[PDB]
């Protein structure tokens, strides 16, 4: 199986730097892009940048230019992220993820970093109107997402993705390219879209479906997430 093994938790002083690692096994390291995602309490998921470990080309979210530095070492099959000039805003869990033909299907377990006590106007904004939804077990739910720009590519695919993050787990890919179910995902789940408006449906909600559902665009840099919709069970 693909394994992305991230380095351990860090507790660091403001103004210092930290460098974390993501060691890849079970696929060819030099073949695929690796992206990095920030999970800050109260602030959902945010995309930092990506790197190609063959070519060493990297692309950054403007928000993290001069904060984050991505490197890769093909001898150790390891991707690295360095964060400089640390502040309280940098306290978060940081994930690496393998980009498989635009699917972030494989995720590291995350590295926790805790720090002691007008740009981005072109970004595609992803809106999840409902921060939470409560469902009786066995009943259906729909979860909405919209984008500020069409996610339709000239190739005819729509680069919208749905992830589920179960409590204490890394995000997991559920739906890729708007409507396609990831391997192992039950047919209770579906994705639809109609212009810039997307809908995840669950036909009958079960206990294992509890967690936070995020939409994400992989059309154009910087990649962007919705703020998340937390699915909880409703108790009679």
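Positions refer to the first chain, counted from 1.
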query: Between residue 75 and residue 76 - deposited residues without coordinates, as a size class; finding: none
query: Greater mean Cα temperature factor according to the PDB record, 12 to 20 or 223 to 231; finding: 12 to 20
query: From 65, 38, 201, 177, residue of greatest CA B-factor; finding: 65
query: Top Cα B factor in the deposited entry, candidates 69, 192, 61, 169; finding: 169
query: For residue 108, the third of its chain into which the C-alpha B factor falls; finding: middle
query: Residue 121 by Cα B-factor - lowest, middle or highest third of the modelled chain; finding: lowest
query: Residue 84, C-alpha B-factor rank within chain (lowest, middle or highest third); finding: highest
query: Residue 136 CA temperature factor, ranked by third within the chain; finding: highest
query: Lowest, middle or highest third - CA B-factor, residue 114; finding: highest
